[PDB]
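Each remark here refers to the structure printed beneath this line.
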Amino acid sequence: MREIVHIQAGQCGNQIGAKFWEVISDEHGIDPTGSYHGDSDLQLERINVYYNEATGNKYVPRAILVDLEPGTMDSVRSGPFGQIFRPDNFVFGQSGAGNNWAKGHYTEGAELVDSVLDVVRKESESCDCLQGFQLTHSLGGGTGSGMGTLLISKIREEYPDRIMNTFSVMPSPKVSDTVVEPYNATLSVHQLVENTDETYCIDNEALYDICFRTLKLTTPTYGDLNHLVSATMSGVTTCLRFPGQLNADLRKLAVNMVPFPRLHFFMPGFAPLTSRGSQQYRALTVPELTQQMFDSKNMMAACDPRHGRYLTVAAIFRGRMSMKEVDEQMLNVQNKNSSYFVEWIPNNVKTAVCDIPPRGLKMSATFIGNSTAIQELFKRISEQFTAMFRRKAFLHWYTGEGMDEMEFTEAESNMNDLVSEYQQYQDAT
Amino acid sequence: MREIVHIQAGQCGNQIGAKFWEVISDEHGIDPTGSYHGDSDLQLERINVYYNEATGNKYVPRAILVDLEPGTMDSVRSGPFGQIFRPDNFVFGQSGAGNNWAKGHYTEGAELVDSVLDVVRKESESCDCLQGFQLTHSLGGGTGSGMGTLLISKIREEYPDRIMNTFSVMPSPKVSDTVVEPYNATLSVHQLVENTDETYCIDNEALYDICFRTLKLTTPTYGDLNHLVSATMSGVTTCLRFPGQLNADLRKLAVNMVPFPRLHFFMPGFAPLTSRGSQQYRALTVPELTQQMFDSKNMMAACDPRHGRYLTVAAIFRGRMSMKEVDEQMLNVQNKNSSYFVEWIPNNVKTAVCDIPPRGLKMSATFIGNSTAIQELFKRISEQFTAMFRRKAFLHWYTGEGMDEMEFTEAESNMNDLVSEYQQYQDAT
Amino acid sequence: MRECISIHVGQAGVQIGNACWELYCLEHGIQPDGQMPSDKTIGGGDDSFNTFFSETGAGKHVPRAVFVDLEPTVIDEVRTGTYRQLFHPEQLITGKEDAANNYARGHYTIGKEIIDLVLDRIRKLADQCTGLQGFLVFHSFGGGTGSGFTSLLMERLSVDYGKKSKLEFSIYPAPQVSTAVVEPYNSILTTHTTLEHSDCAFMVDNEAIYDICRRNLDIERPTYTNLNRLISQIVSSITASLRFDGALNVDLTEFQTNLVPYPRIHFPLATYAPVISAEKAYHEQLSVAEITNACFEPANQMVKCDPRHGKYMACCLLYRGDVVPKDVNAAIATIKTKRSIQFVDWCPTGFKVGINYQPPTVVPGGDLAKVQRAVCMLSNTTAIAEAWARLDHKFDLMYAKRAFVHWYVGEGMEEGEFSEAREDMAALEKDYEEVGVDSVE
Amino acid sequence: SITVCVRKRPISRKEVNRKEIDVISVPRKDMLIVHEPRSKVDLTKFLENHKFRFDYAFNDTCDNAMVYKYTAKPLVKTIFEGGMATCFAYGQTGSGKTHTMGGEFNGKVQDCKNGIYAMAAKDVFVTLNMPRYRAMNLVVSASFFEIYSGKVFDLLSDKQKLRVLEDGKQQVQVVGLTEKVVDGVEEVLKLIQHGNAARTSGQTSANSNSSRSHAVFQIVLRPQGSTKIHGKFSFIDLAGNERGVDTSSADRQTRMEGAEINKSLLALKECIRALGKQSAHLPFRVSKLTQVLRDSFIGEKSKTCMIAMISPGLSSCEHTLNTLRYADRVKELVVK
Ligand SMILES: CC(=O)O[C@H]1C(=O)[C@@]2(C)[C@H]([C@H](OC(=O)c3ccccc3)[C@]3(O)C[C@H](OC(=O)[C@H](O)[C@@H](NC(=O)c4ccccc4)c4ccccc4)C(C)=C1C3(C)C)[C@]1(OC(C)=O)CO[C@@H]1C[C@@H]2O
Ligand SMILES: CC(=O)O[C@H]1C(=O)[C@@]2(C)[C@H]([C@H](OC(=O)c3ccccc3)[C@]3(O)C[C@H](OC(=O)[C@H](O)[C@@H](NC(=O)c4ccccc4)c4ccccc4)C(C)=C1C3(C)C)[C@]1(OC(C)=O)CO[C@@H]1C[C@@H]2O
Ligand SMILES: Nc1nc2c(ncn2[C@@H]2O[C@H](COP(=O)(O)OP(=O)(O)OP(=O)(O)O)[C@@H](O)[C@H]2O)c(=O)[nH]1
Ligand SMILES: Nc1ncnc2c1ncn2[C@@H]1O[C@H](COP(=O)(O)OP(=O)(O)NP(=O)(O)O)[C@@H](O)[C@H]1O
Ligand SMILES: Nc1nc2c(ncn2[C@@H]2O[C@H](COP(=O)(O)OP(=O)(O)O)[C@@H](O)[C@H]2O)c(=O)[nH]1
Ligand SMILES: Nc1nc2c(ncn2[C@@H]2O[C@H](COP(=O)(O)OP(=O)(O)O)[C@@H](O)[C@H]2O)c(=O)[nH]1
Ligand SMILES: [Mg+2]
Ligand SMILES: [Mg+2]
């Protein structure tokens, strides 16, 4: 019951998911080969949320791996956990995407999406009662942006009542390593609007800044950035797998995080995050966890929530803690900071409290915020897009692959419209 | 009781049957010399279905081997199981067939068929109560097409109430290695219409595609293609040899697979088929076996059943499995896919469940389908035939051997007529 | 038993047969004095020497061949030479004067004096056969014995036998290179027996094999000993599946069912793809894919021709060695993909694959390399009419002034037979214009 | 006990140049619909649909082997039981009648490998070679008529004028016809190829081999050494009524045979409806074509199969409703 299909697409989405299937596979005691070596009986009662049981008490993840280039598939097989996945879910072409949205959404992605959805329906039709999906991808590439939003817009035509959410990486102007990333991100925010139930927007500039300032890492790699993201992805569906005092599924969050539809772009966040050495100096309590989840420098999206108002937030606590301190600290924040919360919604905060903390610490927490300050993201893209497109720069790599300009200007205008949807619900009483 | 005479004819039919008598002879524990070295007592209770017992507890197969060329006979004698057959059943001429239908059906086949039917009646008259026959042959050669259909049309004059079925290889336009194979296949589909009770149509393009995509073989040989075909041929007459929970003979299938006569062309199929390595990742259960038997890429005929409707199908399960899961999974398919089944026949599916799986795996299955989509086969031949015959190409190799054009145009028209027999029973309410 | 009779007529026909009967002695392990060595207590007929060598008792292998010439000189190189007790003495038939580049001498004057002696010897070889397949006549268009005598013999072999296949392996005149001045008169006159009496006639010419030796093989200065070893690899691959085991074996009659559409459309050109020198046989990718493409190349033809000017009607791929059949279908489907290769519109099942296990034999002192795989491609195409139009034009020049006619009339034929054989070859060239064109209503 | 089949023929090339509209649809196995354009009194044109149901209906893409398999092929297992069996070819002129019966019109020649004559004469011999029926030791002999200007001619012999007499047992006997003894199927094709070369036919540009006579081909099944008749299969190719626009170049010779084709079919039209009602005097002796066809209708062991031929276009919609209405009347007949 309540299964989750995982569709990691591209280079960035596969690197996150390969680190994601190393955290979940530690929470349930899965061996790198696939056997079970846990000690708690709760690690198997809801292991079918992610893992199909196979012959001889081996546990195969319900993950589908997509790329348009065989190289990242060869890395994941040859990594620590290449043994864990099933070899029939490594779907890949040969000709690369080009960091091009059109080449992965129209020419060479539509050729492949028949051979991917036929594998998606092998996972979904074997489940007892499927709950939803999850994409891990990257707004800014060819396969994560283009091929990811072709996969999305072909599942809502077949599974039109399941919770589909994405853990998508959005670009930032401070950290660029792709010239054409505004074209590739605007054309996929337009798809994420009409097709997705929750969208956990993540940046990379926000993830070095957590590693630099909070974690005090000296040389961060991508393995450290994906390690933060994978701690969020496990934290959201915790009450789905472990028993709690309050429970919150994927659908239960989406009911009371999303006031109006089309406003489904969330800011994730994790707590505790300390440096090594400075963990003997922090006492672990509920007022300690709450201060990290609402400080701006512990957001995995490069924004400041002081430039807006939280519509709604959610806080998922994991550990043997009380319920008064959860219900009081989540109260003492939205009265001390009542100018940073929308006042036509009383009690903007949802508390979820599980019973099982992670396997090395007590009392973790996860912050998920629906803030109006996320228009800072969509305007930094829609200023770069409208500065290139007004000169039609780098455009023949898109119009040569089947597209035309009418798809651009529509996608630019739908990005600029939802900026004026968080703007209305920020201000005006 | 319920004996089966096996008449393998030609090159292709002998290569399949030589691999076929190595699978059956493993199911019953027959030594390569012919002695018995089994361990289960069920391997001998119905061993007389295929094997005559000879002097000193040796078990000789009831197989009759026909060719018009001595070379393939020399290969089978010098193979692994040349010791198993009786040397009086190696019937062969000296002058080859020419890949010519007329030369093997009229000139040099009619000279031999007196010396073959006299051997067929030595096998049939010694049986307690014979059930039927089986040809293994090839539509596309001289001996498999021509000599095979002369043997068939002379047994229905003598054994006119026994189940005669064929395991016949049909050509495909994607894989050609014979120029005159439309002439040789159209002139024998015309014989298979009026003379056969079941016809298990097999292609070779459908058998590489199983080896390439499903089995993930790198270098397939003919020994791999015949290995698939021989797993079908054993699977159909399983309940004839081993005890079951539901039983299904050759006649019991033909009653409820064939709605109208002349519609007796079946699509075989086997499950499980995994690659090596990816068998620790698939759990073996009845919903797992059912998904392979109805996927299009596990058909041994190069067709897609989405271009038609199954009139009737059959599923023969082998193993200690339940009967609810068999009766429910065969129900959950023909309601989920009710646009792919003919709706004037309720419950298109026949379930047979034996108790004895093959000797290396539990819970195998065998899919046999009477689909209307087999008109895709007969039109791909009848377009090639009518493109050669309208210029009378390669015709003097046929009219020089006794034939005339009136045999062609009749045989072309009977092929084109049964296309309009699956077409009527596909559509129109 | 899959026996075949080789008939070697004239100087070119004998001298190819020295290159053929060198090769089968090496493929089957027969010493030049007819002996298999003592380390073979195995199946000889399982190696199947018994299509080219009748086993004389007490360990002796004598070939199923007859060498005929009207000249004593060429067969006396076989007596002695090295094969001086390989051949039976009565199957090496010499005349006393050659036909001397004169069809009328080889067919009327001189040829009738030994034609009874040649035919009587073939019956003594036809009676030793159990399962005789057909005849392998080697000659050259453009001799006197290769054209005049062979036309006389194929008439008599059609009356005595008839139902047997009779393959021809001719050498056709080259467009620029010629060695005889009367070379076109002797080629129009052999046209009648080549289309009527033979059942599948092959043609090669010396220019198109000179270029293969120079380009594909880097021989700077070939002799006829280099060339006839290339003719012999075509023959050794064609008749291979009679005498070796393999998946998809092809008899000599499975050609004619699959290669010849109509009874006058039986002139197929052959190629042979891995003609690679031994130094160039390193740096190789001699796979099934590359060796299939090379046969369809217009530069590697054994006839000075270009199959991009006409349409193919059938092909016949015969592979030897380390060949798996799924590699062949992946190589056929690339050939049908290309638009340079035009099939006709009544073919659609393109062509026939034969595969054999026995890999080719490297002749000591040879020019070729030691390959794992080799392909002969027999293929009907409409482009062989262009070789015929280049030779009618040479006949039409000399016969316009009736030049060398007085030698032919004063030897046993009439002037009127030139006007019949010119029309007869012009009717075949009208047949290839009418067999290549697709039909509408 | 008469089976009736219909065959729509396709549209020729010349009828596309004159822009002809096809009105005959065969949507199912055994139906047919005639789309008739009709106008009302106020010039408002409408469309009528005339449904028909037959025993089997043929499309325009069907070949002569498929027409054979459903018409004359079941009637070969009847001639080897002692009965007799015939088949008609009844329709308008130009409507493909001698293309079905005679053979495929290959321009200057007649490809007699097609047609219903050859395909049944072949199928007698395959039936005669079965061990069930080889025991009877029968002898197959073939004869071949021609009915021109109301009189019976012969085509095996060149121009033997023939009489139509009667036995005392009320059996019509043409006498004396030529009855050659047929060895094999290569012999019976020599009769039909020589037969059609001598059949009287006009020469024009529209139908260069239009039928001018009611050809009748018989295959007589005789026991050896008894001189009785055990079975007959009598083919009948008609000539077809022609009265639409046949005014091209008709002299006194052309309409001499012309009004005698139409006279012979009215006698055939009357014997159908006279057999429709009861007890009337069946006018078999009006035209000699109806005296030959007497044993087809009232035969006690007679199983016939009329193949109604239909021209498809708009300008032949008048003859089409005429022709289909008789074949429906032929289907609704119970003799005894
Ligand atoms: C002695 C001690 O208590 O050490 C802690 C520790 O020092 C700190 C600094 C840990 C440490 O984490 C990091 O330094 C880090 C590295 C890359 C990316 C993100 C974090 C720790 O490595 C991480 C490790 O986390 C876990 O064990 C969780 O179960 C965590 N597991 C993984 O991420 C994981 C890592 C490798 C292999 C498999 C899983 C987790 C979190 C959420 C959901 C599932 C699992 C913990 C508590 C510690 C160390 C070991 C030093 C911190 O992180 C986490 C995720 O707990 C960083 O800030 C917190 C606070 C912890 O106190
Ligand atoms: C460790 C293990 O379980 O190995 C399996 C195996 O890996 C797989 C992949 C087997 C394997 O089969 C093939 O790879 C194969 C090769 C050529 C042609 C067809 C198949 C296997 O070879 C085949 C073998 O099959 C049998 O033992 C059956 O009894 C089978 N026997 C034969 O075909 C046979 C082969 C050689 C000699 C004599 C008999 C059979 C099936 C139907 C009816 C009668 C017999 C099995 C289960 C396996 C191996 C050994 C790897 C599979 O095939 C069969 C027929 O079971 C291929 O897909 C299935 C799934 C199996 O799990
Ligand atoms: N490939 C090849 N061609 C040869 C060889 N010898 C001669 N020819 C060709 O044969 C043609 C002439 O035929 P010959 O063989 O010389 O003469 P013939 O057939 O013996 O008849 P005669 O003229 O009477 O000697 C020449 O134009 C050469 O091209 C040879 O050894 N190899
Ligand atoms: N089913 C058919 N398909 C194609 N062509 C046809 C078909 N039926 C008839 N034709 C052609 O129609 C033309 C005239 O046919 P024909 O059989 O002479 O009609 P008809 O009624 O017999 N004229 P007549 O001989 O006076 O009775 C010929 O060119 C035939 O080939
Ligand atoms: N957080 C994170 N970001 C990554 C990783 N790999 C690539 N990226 C970012 O993803 C962006 C481009 O997406 P990419 O991975 O190239 O997707 P693709 O080309 O479509 O497969 C780049 O700006 C990278 O900074 C990773 O492992 N972790
Ligand atoms: N599946 C399979 N097909 C074969 C085998 N051998 C030949 N064929 C196919 O059979 C077709 C021709 O039939 P053939 O074996 O030549 O029959 P024959 O000549 O009448 O004896 C060819 O297209 C081959 O592809 C075999 O061992 N297995
Ligand atoms: Mg000489
Ligand atoms: Mg007519």
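One is the number of the first residue shown, and numbering goes on along the chain from there.
Yeah, the Cβs are placed from backbone N, Cα and C, and that goes for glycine too.
Of the listed segments C:1-4, C:101-104, C:281-284, C:389-392, Swiss-Prot assigns motif 'MREC motif' to C:1-4. Its Cβ taken as reference, C:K40 (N6,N6,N6-trimethyllysine) is surrounded by 11 other Cβ atoms within 10 Å in the chains shown. Within 10 Å of the C-beta atom of C:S232 (phosphoserine) sit 21 other C-beta atoms, taking all shown protein chains into account. The C-beta environment of C:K370 (ubiquitin cross-link), restricted to residues of the same chain at least 6 apart in sequence and closer than 8 Å, consists of C:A278, C:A281, C:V362. Of all Cβ atoms in the protein chains displayed, 21 besides its own lie within 10 Å of the Cβ of C:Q15 (GTP binding site). Listed recorded positions (C:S140, C:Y282, C:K326) with a CB under 8 Å from any chain B CB: C:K326. Counting only the Cα atoms, the space from C:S48 (phosphoserine) to C:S232 (phosphoserine) is about 18 angstrom. With respect to C:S232 (phosphoserine), the closest of these recorded positions in Cα terms is C:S140, chosen from C:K40, C:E71, C:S140, C:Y282, C:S439. The recorded positions considered are C:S48, C:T145, C:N228, C:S439; of these, C:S439 has the fewest other C-beta atoms within 10 angstroms of its C-beta. Between the CA atoms of C:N228 (GTP binding site) and C:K40 (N6,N6,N6-trimethyllysine) there is a gap of 30 Å, rounded to the nearest whole number. Take the Cα of C:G10 (GTP binding site) and measure to each of the recorded positions C:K40, C:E254, C:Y282, C:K326: the nearest one is C:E254.
Cβ neighbour count for C:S140 (GTP binding site): 28 (other Cβ atoms within 10 Å of its Cβ, all protein chains included). In sequence order, C:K352, C:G354 are the residues of the chain that are 6 or more apart from C:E254 (active site) and have a CB within less than 8 Å of its CB. For the pair formed by C:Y282 (3'-nitrotyrosine) and C:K326 (ubiquitin cross-link), distance between Cα atoms is given as 25 Å, rounded to the nearest Å.
In this structure the alpha carbons, written CA, of C:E71 (Mg(2+) binding site) and C:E183 (GTP binding site) are 19 Å apart. Take the Cα of C:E183 (GTP binding site) and measure to each of the recorded positions C:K40, C:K326, C:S439: the nearest one is C:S439.
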